[PDB]
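J.: Sharing a structure below in structure tokens format, with a few things to ask.
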Amino acid sequence: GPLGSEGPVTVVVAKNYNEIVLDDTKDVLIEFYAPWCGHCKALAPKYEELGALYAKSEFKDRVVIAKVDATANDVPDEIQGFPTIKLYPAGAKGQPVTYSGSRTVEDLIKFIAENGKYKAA
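To get the numbering used here, take the position in the sequence shown, counting from 1, and add 101.
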């Protein structure tokens, strides 16, 4: 099946992230998690749900839910806890927005609306 070809699930590698995140034309949300994390294993499935929901909404060309593991190369991302969330707003990018702690997609969407201009006003 698609499993991403539709848009919800998107790949973000060291050689790609720089592009999507730097893209001011559209907003991008790259989340760093791990399978063996234990507390992040849920972040994966939780991202797949919000991805298909937000993707179906009327913001396909406004915000894109991108997932990625925090075990890649050329990725200078120092964080306290694995469940790290990097916010990159379209137009006001250039600064990696590091969250304080994940738990539910509901908190992610809300925040993006407070920090992201595309999901605000």
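We put the beta carbon where it would ideally sit given N, CA and C, even for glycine.
#1: Which of the three DSSP states, helix, strand or coil, is assigned to residue 69?
#2: Quick check on the DSSP output: the beta strand (DSSP E) that includes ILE166 runs from which residue to which?
#3: So residue 224 and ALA191 are supposed to be a Cβ contact under 8 Å. How far apart are they, rounded?
#4: Who are the near neighbours of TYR189 in its chain, counting only those whose CB is closer than 6 Å to its CB and skipping five residues on each side?
#5: Answer with buried or exposed for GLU132, where buried requires no fewer than 16 other C-beta atoms within 10 angstroms of its C-beta.
T.: This is what the structure holds:
#1: Absent from the model: residue 69. The displayed extent of the chain is 102 to 222, so no value can be given.
#2: In the DSSP assignment, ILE166 falls within the beta strand (DSSP E) that extends over 164-170.
#3: Only positions 102 to 222 of the chain appear in the structure, and residue 224 is not among them; the question remains open.
#4: Shown here for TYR189: same chain residues with a beta carbon closer than 6 Å to its own, the five before and five after excluded, namely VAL122 and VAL129 in chain order.
#5: The residue is buried, with at least 16 neighbouring Cβ atoms inside 10 Å.
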